[PDB]
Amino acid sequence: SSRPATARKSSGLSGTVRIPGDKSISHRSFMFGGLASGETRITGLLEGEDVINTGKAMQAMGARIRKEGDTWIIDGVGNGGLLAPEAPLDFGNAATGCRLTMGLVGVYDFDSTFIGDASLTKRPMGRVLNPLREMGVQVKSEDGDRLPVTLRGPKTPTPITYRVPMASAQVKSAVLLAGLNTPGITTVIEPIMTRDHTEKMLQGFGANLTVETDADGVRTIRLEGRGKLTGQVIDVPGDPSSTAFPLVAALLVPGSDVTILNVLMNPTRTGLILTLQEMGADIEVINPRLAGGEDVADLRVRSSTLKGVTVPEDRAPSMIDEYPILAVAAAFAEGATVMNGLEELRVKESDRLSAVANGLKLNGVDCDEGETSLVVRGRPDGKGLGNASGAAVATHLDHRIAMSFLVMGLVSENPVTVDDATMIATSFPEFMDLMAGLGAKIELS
């Protein structure tokens, strides 16, 4: 079952908080630490449900994982050393874990089965299963290439050169991870850059992986297969997608001044910040530095008056998971915010385009949902927004829909209710406590 929650108008958010670790990097830390030779030590790991599921999948294949103090320590099996799992690998709500693991173990000569929850089971897997079929993996999937899926790798996989058709870092990642156990050179060509945690981290683990960018922006990523991977010390930066929630809340709630510490600032993750700055947001980037091999900074966010802007389709990959919270900010901006190139939103935990549009309408917002776009016209004073009758936003098992609308309720004249807050812990278990500490009033049923 589910647990609804209602957000109420706040008098001002204020404080300094450390945001939880980056989910993308956390997933990969468990995966690469579990695969590599020797020991990997991780500090700052996100302990949300999605990451825990990836950890259990790696344990199922032979890695030993334990938490000593505040450090997760992993004893890896070495490249080529994964063991056949006894039972299905349950990824719950996590597409990142599921899709990357399909590439990782699908190329091994044993059977592996992938299952997940009601939301993950409806998402498309063909985007990863097709290149695996080219590599020689035998695939048994449900119609439409959906879970459950059982893979059986060939004795010797075939390396491929794959041009990713949509701006998916998960597809690029799955093909590169498959390349780790494939003899020869695996090449991934990305016409538009997507988050590059896989490339940066594999290089950090010693992989002979190179990235070449043409002047036209196309990336050619080459990986030599069956090479040694060496355990590493990892310091996980703060999640920029989780940061988006208290950050947008601070921009919208009058009388706010919130500082978020140690936030990942890799440009493939900062499209929302750039967009909000263009809308007039007061976001100060403090002490930009290098930590754990990544760019991080502290962000001081203050109440701002926002104006609608046009968000180009090519910025989408750099902020794809932040469209829900951006749409909420647009609900309080002067004028229209226009966002196109949103086809990928329809295949996430929920069809995010439909869920955001329906949630906004339920809460009095004037918006137009297109097949691949969203136009939102705001009401800066928040008058008439929210839902006085207490009607609940349908979250469709999507944690980001739940968090985005709860942020809306801190600003709207009328409270905003979401039908379920139980999935928030998949990526941000600290959400309720963190927001409450800043002054937000959110009542869990």
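So that there is no doubt, residue numbering starts at 1 and follows the sequence shown.
The stretch with the higher mean CA B factor, choosing between 188 to 196 and 170 to 178, is 188 to 196. Of the two stretches examined, 7 to 15 and 424 to 432, the record assigns the greater average C-alpha temperature factor to 7 to 15. Going by the entry's values, 288 shows the largest Cα B-factor out of 148, 324, 288, 103. Based on the entry's C-alpha B-factors, the most elevated value among 269, 302, 222, 348 belongs to 302.
Among the modelled residues of its chain, residue 110 has a C-alpha B-factor that falls in the highest third according to the deposited record. In this PDB entry, the Cα temperature factor of residue 204 sits in the top third of its chain's modelled residues, the highest group. Sorting the modelled residues of the chain by their CA temperature factor places residue 131 in the lowest third. In the deposited entry, the Cα temperature factor of residue 386 sits in the bottom third of values across the chain's modelled residues.
Among all modelled residues in this chain, the alpha-carbon of residue 363 has a temperature factor (C-alpha) in the lowest third.
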